[PDB]
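> quick check, what structure comes out for this input:
(chains A, B, C, D, E and F)
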Amino acid sequence: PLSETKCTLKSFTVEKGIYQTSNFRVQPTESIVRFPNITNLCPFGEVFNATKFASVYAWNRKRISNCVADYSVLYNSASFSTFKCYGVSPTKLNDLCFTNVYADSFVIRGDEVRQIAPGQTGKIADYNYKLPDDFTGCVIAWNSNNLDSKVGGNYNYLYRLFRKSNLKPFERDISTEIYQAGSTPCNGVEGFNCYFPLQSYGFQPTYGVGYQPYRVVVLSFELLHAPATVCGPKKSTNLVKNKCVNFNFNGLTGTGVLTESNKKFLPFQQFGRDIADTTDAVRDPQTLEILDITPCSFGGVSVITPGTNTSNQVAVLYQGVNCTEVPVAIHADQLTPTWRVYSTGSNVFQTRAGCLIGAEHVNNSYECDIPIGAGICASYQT
Amino acid sequence: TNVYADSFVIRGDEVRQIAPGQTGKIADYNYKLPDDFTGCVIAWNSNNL
Amino acid sequence: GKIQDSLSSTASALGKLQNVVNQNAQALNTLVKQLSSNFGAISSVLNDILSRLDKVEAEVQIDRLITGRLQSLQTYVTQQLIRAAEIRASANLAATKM
Amino acid sequence: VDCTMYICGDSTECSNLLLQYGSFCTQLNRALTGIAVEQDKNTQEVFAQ
Amino acid sequence: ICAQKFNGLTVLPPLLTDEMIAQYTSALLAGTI
Amino acid sequence: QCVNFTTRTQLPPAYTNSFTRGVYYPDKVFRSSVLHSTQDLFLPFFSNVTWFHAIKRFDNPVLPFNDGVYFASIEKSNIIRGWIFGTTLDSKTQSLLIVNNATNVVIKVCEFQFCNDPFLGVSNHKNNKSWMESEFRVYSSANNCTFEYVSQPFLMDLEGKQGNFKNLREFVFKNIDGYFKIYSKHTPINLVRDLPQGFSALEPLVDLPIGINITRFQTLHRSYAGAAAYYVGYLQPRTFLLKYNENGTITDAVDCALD
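Numbers count the residues shown, from 1 in each chain, chains lettered A, B, ... in the order given. I have put the structure below:
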């Protein structure tokens, strides 16, 4: 502690008094991973390896849930020309659970791939596929001219050419009403300046890069405020209580001590949040009990020391701690302050300010030489 | 201070993995840059060679 | 004895002390509430930022978080210093009256 | 108020970025300890005559 | 107060307890009277 | 089949002051013993709710759906069971149908060509002592369908039974960027005419990726001796302050833009 104070004050000589230093905190002993124990693999093949993809004006949405996903086998495949995620890291998709997953599949051209990203402007963006500006998820795109482009001309993919107004995000429109591009209204199958809303392209392999067909899939999952039912392939671990642990519930990580709580979470309620928007109660995904989480014991540490030119002996005050946990604060697990020999005992004195170790409590009273607090003061005397 | 030049040949589509902090079969297994890389990266096609 | 009637019946008499306490509590409570704001980052909880984002892209949101929270503590410390100066003035007046 | 614990609670990746901001945390801690000592000085001045 | 304490916001106790302040008050009042 | 069963049958609509209704949990997260403020779609307090009462013969009109709708049902025997959402409902644009037709609840989006007077019909005590819904005269053409969902029937009655205390079925429907959110609650009351004066909170029930333009909607009846009432209110984007008690149940609310 004297060396730590010398390091904090940036001086070799320390004047008599009390000095706060970097506080102690109990490093968690082990880690907890609690996931729902579903085992069935998600039907990713039916999405990525489907026979025919839906048209862009009728993009196909699949609700993927109640299954185990492994995004590593998806990422490591180089067949995908474009693979970018917004709001999440592809390497971290494995380690975090998903509330609900929507996979959108369609076919576009290379030059319009940029239109897939949220907030962009283009025919696809303006008329048949608009992403919200706050999109989170991933997008994957890869050319399919070897599977979807025909020499005789493929006309089975269409898009909406004009609209009365730009579509809302994630809106799908199927109406085939004629667009009245001219001022005069019209009816019938066709009319002058009366464009048919759907327009197709001639898929043919001779087209260069930028006009080749591209199969595109978008994952638009939302995270961490709902009963997540999609998780990575990593196995869970056993549950322990009354110890500071690195817990991880459904991708929500944290460090703290767990206890059997009594807060009635409704069936749609999985997490409870405090005033600081931090988690305080959690529902286990395997057992339906409710547990309170508390940040394990930490508090400020002060060093009481007379003048270094008088002595090198110090005492340390752990503030705000009924420190019968100091015997539990053994260096089998780790603590932020390395030194622990002062925990030897038989010189521990408990005060309303915490506990002071390294000083002997006496009955006879003297003037407050060095203030400790709560009426207790320290001094250096024979 | 000192200059160290690393030379190799890879497939073109994985050239992005040469950038620092990236991941992939190249970055994760045979050539990883540090997060605080300072320097330059040069790449060119060599199928003709 | 009239003091006994004055203090026990009305409660606003000790208001000059109560506002000393409440403000501090409020000054603390707002400081806690500042941990709930995004400050431009995609998520308020730093654990969420660490979990969802890789060590390269996470840094830009995390830096926003430190910027906002450090500004919040700077404001709180400045307010505490001003309030402590006011309380020192009141305490010096009390010492003079004593 | 522990500056490190407040901004960067139980996270070392946050502390790595926080240490780039210099002695702001130390200044805040010093100011708060100064206020703490000032409180006892006020109490002793008022009552310990 | 627990939520405040959990993020590193500690309330330190006064050096002079309410009993010691009462003792100074009693001494001052006794001296005055 | 579908038959033009008479005209609109006069003008039913009345108006009522919804004292304290349209309260739901803004998010699926527990929170206790605090005062929490929220910015979202809600029902105004003391709002001018529209009241429809089924006193004979009658029709249920089509009403606009903009910005989500709060629905309430003062009812016995659970006559009201369905809803239609859309813009045109004549197969020109996509249209959605939710029906609890005895066996189960079906939620189905198709290019429905809805008939001008859709309804459901039942047969009472036909040699089985049971009541069977024979007629389903709601739509005529369903060319293309993108989403179909059947889970369970939702005739969720509560305690008391036999309709001794009138059942309030209170729901909130929203359609935000293709996510359709349905919040639901049921509660007994002992009041005869007006909307009961009291506080309650709505739990989130269903979220669907319907993704369809919806400008108007209609309700659905069970023609068999019985009357029922239903109320419609229009949600608005506003901020409200909620008092979460010790148990995390919304105990009281204040409208941040009422007075």
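
> tell me the centre residue of chain D?
The centre of chain D sits closest to residue D:29, judged by Cα atoms, centre = their mean, with a distance of 1.8 Å.

> please settle this for me: is it part of a helix?
Yes. Assessed with DSSP: H, G, I helix; E, B strand; the rest coil, residue D:29 lies in a helix.

> so how far is chain B from the closest residue to it other than its chain neighbours?
Nearest in space to residue D:29, with sequence neighbours left out and distances taken as Cβ to Cβ, 6 or more residues apart in numbering or on different chains, is residue D:3 at 6.2 Å. Where you see a C-beta, it was placed from the backbone N, CA and C, and this is true even at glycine. According to Cβ to the nearest Cβ, to the nearest Å, residue D:3 stands 25 Å off from chain B.

> isn't residue D:3 right next to residue D:28, touching?
Yes. Applying Cβ atoms under 8 Å, one finds residue D:3 in contact with residue D:28, separated by 5.1 Å.

> how about the strands in the stretch 251-382 of chain A?
Taking DSSP state E, counting those that start in this stretch, the strands of the stretch 251-382 of chain A run over residues A:252-260, A:271-273, A:279-283, A:290-294, A:298-305, A:315-319, A:348-351, A:354-357, A:370-373, A:376-378.

> using JSON lines, please lay out those strands together with distance to chain D and mean neighbour count.
Below are the strands of the stretch 251-382 of chain A laid out as JSON lines (distance: least, Cβ to the nearest Cβ, whole Å; neighbours: other Cβ atoms under 10 Å in any protein chain shown):
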{"stretch": "strand A:252-260", "distance to chain D": "5", "mean neighbour count": "19"}
{"stretch": "strand A:271-273", "distance to chain D": "15", "mean neighbour count": "22"}
{"stretch": "strand A:279-283", "distance to chain D": "12", "mean neighbour count": "23"}
{"stretch": "strand A:290-294", "distance to chain D": "12", "mean neighbour count": "19"}
{"stretch": "strand A:298-305", "distance to chain D": "7", "mean neighbour count": "23"}
{"stretch": "strand A:315-319", "distance to chain D": "11", "mean neighbour count": "24"}
{"stretch": "strand A:348-351", "distance to chain D": "15", "mean neighbour count": "17"}
{"stretch": "strand A:354-357", "distance to chain D": "14", "mean neighbour count": "23"}
{"stretch": "strand A:370-373", "distance to chain D": "7", "mean neighbour count": "20"}
{"stretch": "strand A:376-378", "distance to chain D": "11", "mean neighbour count": "20"}
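
> I'd like these written out as a markdown table, with distance to residue A:67 added.
Formatted as a markdown table, these follow (distance: least, Cβ to Cβ, whole Å):
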| stretch | distance to residue A:67 |
| --- | --- |
| strand A:252-260 | 20 |
| strand A:271-273 | 22 |
| strand A:279-283 | 21 |
| strand A:290-294 | 26 |
| strand A:298-305 | 40 |
| strand A:315-319 | 49 |
| strand A:348-351 | 54 |
| strand A:354-357 | 51 |
| strand A:370-373 | 57 |
| strand A:376-378 | 61 |
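
> closest to residue F:31 out of those?
Among those, strand A:271-273 comes nearest to residue F:31, with 6.1 Å by Cβ to Cβ.

> for that closest one, packing partners?
strand A:279-283 (3 or more Cβ pairs under 8 Å, 6 or more residues apart in numbering or on different chains; DSSP states H and E).

> the strand it packs on and chain F in contact?
Yes. Strand A:279-283 reaches chain F (Cβ under 8 Å from any Cβ of the partner chain) through residue A:281.

> strand partners of that strand, parallel vs antiparallel please.
Strand pairing for strand A:279-283, using DSSP bridges, gives strand A:271-273 (antiparallel), strand A:290-294 (antiparallel).

> same list, the ones you listed, but as CSV with distance to residue A:257 please.
Listed next are the strands paired with strand A:279-283 as CSV, based on distance: least, Cβ to Cβ, whole Å:
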stretch, distance to residue A:257
strand A:271-273, 16
strand A:290-294, 5
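
> out of those, flag the one nearest residue D:12.
Nearest to residue D:12 among the strands paired with strand A:279-283 is strand A:290-294 (20.3 Å), distances taken as Cβ to Cβ.

> got the angle for the closest one vs strand A:252-260?
Per axes from the mean of the first three to the mean of the last three Cα atoms, to 10 degrees, the angle that strand A:290-294 makes with strand A:252-260 is 110 degrees.

> gap between strand A:290-294 and the chain center?
Relative to its parent chain, strand A:290-294 has a centroid offset of 19 Å by Cα atoms, centre = their mean, to the nearest Å.

> who touches it?
The contact list for strand A:290-294, computed with Cβ atoms under 8 Å, 6 or more residues apart in numbering or on different chains, reads A:241, A:247, A:254, A:256-265, A:279-284, E:6.

> helices of chain E, start to end?
Taking DSSP state H as the test, the helices found in chain E are E:2-6, E:18-32.

> deepest in the core, which of those helices is it.
helix E:2-6 (a mean of 15; mean count of other Cβ atoms under 10 Å in any protein chain shown).

> for residue A:260, give me its contacts.
Residue A:260 touches A:241, A:289, A:291-292, counting by Cβ under 8 Å, 6+ apart.

> if we use 7 Å, what do you get?
Residue A:260 makes contact with A:241, A:289, A:291, according to Cβ atoms under 7 Å, 6 or more residues apart in numbering or on different chains.

> for these, which one is nearest chain E?
Closest to chain E out of the contacts of residue A:260 is residue A:291 (16.2 Å), distances taken as Cβ to the nearest Cβ.

> buried residues, stretch A:316-333. List them.
A:316-321, A:323, A:326, A:329 (16 or more other Cβ atoms under 10 Å in any protein chain shown).

> what does stretch A:17-36 give?
In stretch A:17-36, counting by 16+ other Cβ under 10 Å, buried: A:17-26, A:28, A:32-36.

> tell me the one among these nearest to residue A:352.
The closest of the buried residues of stretch A:17-36, once distances to residue A:352 are taken by Cβ to Cβ, is residue A:18, at 16.0 Å.

> quick one on the thing from earlier: out of the buried residues of stretch A:17-36, which touch chain C?
Residues shared between those and the neighbourhood of chain C: none [Cβ under 7 Å from any Cβ of the partner chain].

> show me what the lengthiest helix in chain A is packed up against.
Secondary structure of chain A per DSSP H: the longest helix is helix A:2-9. If you count contacts as 3 or more Cβ pairs under 7 Å, 6 or more residues apart in numbering or on different chains; DSSP states H and E, helix A:2-9 packs onto strand A:17-25, strand A:298-305.

> those strands into a markdown table, with extra columns for distance to chain B?
As requested, the helices and strands packed on helix A:2-9 are exported to a markdown table (distance: least, Cβ to the nearest Cβ, whole Å):
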| stretch | distance to chain B |
| --- | --- |
| strand A:17-25 | 26 |
| strand A:298-305 | 29 |
